[PDB]
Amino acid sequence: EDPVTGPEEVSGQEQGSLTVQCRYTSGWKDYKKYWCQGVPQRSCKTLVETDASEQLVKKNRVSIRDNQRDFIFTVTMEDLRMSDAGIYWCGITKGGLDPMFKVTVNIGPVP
């Protein structure tokens, strides 16, 4: 059983928002959580990261908030555009190899 999991595939639309539920096991409660973009996996670009508390952090068009009661940190990507599509990662920061879970983000136009 994995340390952090979420949706394998999410889809959003132009100017819309999408929400990614990164669930983790209880042991990772007091660790920093983050949302990463791109490949190679281990050199991905961190878009936003918590300070290991429950306070919401927002950078550019991405926000993150850690729920340390239900052990879920929620990533919101807002004002979506086509260039946002690609490979992302739920991340937990620790010494060495991070627990990471791949989330593929599909972006389409509004019908």
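Start at 1 with the first residue shown and count on from there.
Among all modelled residues in its chain, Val110 ranks in the highest third by Cα B-factor. In the PDB entry, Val57 places in the highest third of its chain by CA B-factor. Annotation for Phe71: CA B-factor lies in the middle third of the chain's modelled residues. In the deposited entry, the Cα temperature factor of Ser43 places it in the middle third of its chain's modelled residues. Remark: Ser83 belongs to the highest third of its chain, ranked by C-alpha B-factor as recorded.
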